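Neighbour counts are summed over all protein chains in view; Cβ atoms, including those assigned to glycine, are modelled from backbone coordinates with ideal geometry. Each reported figure results from applying straightforward, stated rules to the coordinates on display, with no laboratory input.
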Amino acid sequence: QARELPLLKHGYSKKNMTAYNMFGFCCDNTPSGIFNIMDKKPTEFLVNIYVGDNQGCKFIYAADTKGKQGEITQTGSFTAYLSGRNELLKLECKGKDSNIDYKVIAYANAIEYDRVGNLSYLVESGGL
Ligand SMILES: [Cl-]
């Protein structure tokens with residue numbers, strides 16, 4: 001059945017009260033037949049996301065094969081492509097009280113990748 005969409009990187013900036021999670025693939029988890037926008041035939045990811053609570057957060061994705069960015073803040077569906085570093089989605093929050101609960105289902109070349117989760121500046125910035 002489904003695999004988990006991997007978390008590649010996370011971080012935060014106290015100065016800007018921002019934080020992020022980057023989802024995508026690396027060397028030990030890039031499935032066979034999956035290509036990015038640096039490649040001749042980038043794989044389409046057909047993505048459905050579902051959003052509950054959302055204060056101050058948004059997902060950023062590559063909306064076409066030229067890497068033009070798209071953004072989404074609420075339940076919806078879209079087409080996304082992997083960046084040249086095999087990133088699929090950047091989930092960003094802005095502000096002290098930023099928080100989002102979400103579910104991602106992404107389909108590529110006969111495989112489903114899922115992620116259920118939360119991001120908040122409070123948690124991601126590592127304080128109590
Ligand atoms: Cl290629």
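Listed values, structure above:
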quantity: For peptides 80-90, 13-23, sequence by mean Cβ density within 10 Å, most packed first; calculated: 80-90, 13-23
quantity: Cα centre as origin, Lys/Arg/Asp/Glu Cβ charges: the chain dipole, Debye; calculated: 420 debye
quantity: Charge tally in the Cβ shell below 13 Å around residue 105, where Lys, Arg are +1 and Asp, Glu are -1, residue 105 excluded; calculated: 0
quantity: Under 24 Å from residue 66, Cα to Cα: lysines that are on another chain or at least 8 residues apart; calculated: 9, 40, 41, 58, 90
quantity: Rounded to 5, the percent of DSSP beta bridges in the chain classed as antiparallel; calculated: 95 percent
quantity: Contact order normalised by residue count of the chain, Cα under 8 Å, 6+ apart, percent; calculated: 32 percent
quantity: Cβ-based exposure ranking for 58, 103, in which fewest neighbours within 10 Å come first; calculated: 103, 58
